[PDB]
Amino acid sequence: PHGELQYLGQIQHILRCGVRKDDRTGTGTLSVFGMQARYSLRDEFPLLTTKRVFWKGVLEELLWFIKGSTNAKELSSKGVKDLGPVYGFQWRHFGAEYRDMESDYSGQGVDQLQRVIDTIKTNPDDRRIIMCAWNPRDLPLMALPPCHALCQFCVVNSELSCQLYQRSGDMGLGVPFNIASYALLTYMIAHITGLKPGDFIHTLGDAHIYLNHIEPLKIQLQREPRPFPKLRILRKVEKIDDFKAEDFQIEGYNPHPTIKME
């Protein structure tokens, strides 16, 4: 049974049973609380096929996260179209006093990403191989604000798995993109630690669909998934920071047409 069927099943469930609800913008959503799906990474890559997912943006934004940048210019000029302490800065300089987008951060804060990599290497049985990220807007809001998302990695025999917990997920636009991003991150980490990719498990608290996305998703629901493509890494790479876009090749990606979602 095709992994994408979980995603399509979840969309349908929210359309049928979702509760109408308002969020921080004046846009309506349908909402359900608590979801989980498991995508195999073993000889395949969960880049969704019921619509064309913008792979180049996934790869480029992730590399941008990884180099710890807080500058929109470094991502725009790659063709994906000062951001403050965004996810990337938190991954590489967790808990450091944020200055400018070109200040010197070398070895300040906790490098959560290198720490995940080091722990996989020093204790593959460790149940604490965890990275967290905060929505930057929460940071001045209150003392000790809760994280927006966390990733827990797990080594089982020679396979590396990842579970992403997000306190809320945009099922229409954000989720397919994130399935791809964190599956890619798992491939990168597995590669660097000499492990094979296992599963990506995606878990949500608030799983919502925007009202203006209902019609496109209803049509997406009538399309049959095609076998997932493969991700090939073209070069032995030894450090997370050494990966570049050209090291990656998606092979056999055969998707249905792009669906625009506002």
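From 1 onward, residues are counted along the sequence shown.
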### Message
Neighbours in the displayed sequence, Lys81 and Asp82 may still hide a gap; how many deposited residues lack coordinates there, none, 1 to 3, 4 to 9, or 10 or more?
### Response
10 or more
## Note on the structure
Between 207-215 and 63-71, the record assigns the higher mean Cα B factor to 63-71
### Message
Comparing average C-alpha B factors as deposited, tell me which of 102-110 and 172-180 sits higher.
### Response
102-110
### Query
Out of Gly28, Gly57, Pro46, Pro197, which shows the largest CA B-factor listed in the entry?
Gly28
### Query
Looking at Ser76, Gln166, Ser161, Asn123, which has the highest CA B-factor as recorded?
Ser76
### Message
Which third, lowest, middle or highest, does the C-alpha temperature factor of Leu221 belong to within its own chain?
### Response
middle
### Query
Split the chain's modelled residues into thirds by Cα B-factor; is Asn135 in the lowest, middle or highest one?
middle
### Query
Which third of the chain does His148 land in by C-alpha B-factor: lowest, middle or highest?
lowest
### Query
Lowest, middle or highest third: where is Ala37 by C-alpha B factor in its chain?
lowest
### Message
Test of reading the entry: by CA B factor among the chain's modelled residues, which third contains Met142?
### Response
highest
